[PDB]
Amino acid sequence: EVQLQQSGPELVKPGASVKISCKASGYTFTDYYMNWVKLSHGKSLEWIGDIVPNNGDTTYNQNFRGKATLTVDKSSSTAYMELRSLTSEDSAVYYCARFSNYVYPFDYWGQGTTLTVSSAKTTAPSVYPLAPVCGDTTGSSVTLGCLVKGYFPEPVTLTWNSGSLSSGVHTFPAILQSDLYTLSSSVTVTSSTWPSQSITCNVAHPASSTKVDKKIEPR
């Protein structure tokens, strides 16, 4: 089936540039325009521009003229977008999408590429075990936590007992704290489950090539 495969997440400092890619397969590349679309918190969905793969002819949203440059390598069926002079408002998810012509719908989309523009450096998380208060908790159930603090950039993956524990889990969206991210997750089990069984929070931070296992021990 038609597939648009975009390149991975990017972290770039303000003022610098970035070039992201969209590799098409499952159809004749020159049969369709390739488009780029921006999804941001400030302005939602915006059309950046399109390009004709056969000859590289481009059409731009004037709002992105001087920001985005579209190119193609038809021999490898890959479209490219280069963003320059990056700022906070450029932090967004960028999609590639095809159409036959601009009056026709975007019938296939890439999976999106997340761009983060920040001066903050790549930083591995500190992982802290959250055990219940030292001395009695009301109820037949018990809630444990995992605090994932001071990492950059997004994302992290957090699991409990390597996926064996999946019910009763809440993983809260990460929040910026002095330009670094902090995340927590809670898991709730019966008192019969913990501490008689081991419960471990598993944290992976791909950007720093980090994996951490933290067993939750009684205080």
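Throughout, we count residues from 1 along the sequence that is shown.
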- Note on the structure: Per the PDB entry, mean CA B-factor is higher for 16-24 or 205-213, namely for 16-24
- Message: So, looking at the entry's B-factor column for Cα atoms, which has the higher mean, 134-142 or 96-104?
- Response: 134-142
- Task: Using the entry's values, work out which of 188, 185, 35, 54 has the largest Cα B factor.
- Result: 54
- Note on the structure: Residue set 178, 171, 161, 157, per-entry CA B-factor max assigned to 178
- Based on the entry's values, in what third of the chain does the Cα temperature factor of residue 76 lie: lowest, middle or highest? highest
- Task: Select lowest, middle or highest to describe the third in which the CA B-factor of residue 148 falls within its chain in this entry.
- Result: lowest
- Against its chain's modelled residues, does residue 91's Cα B factor rank lowest, middle or highest third? middle
- Task: Place residue 83 in the lowest, middle or highest third of its chain's C-alpha B-factors, as listed in the PDB entry.
- Result: highest
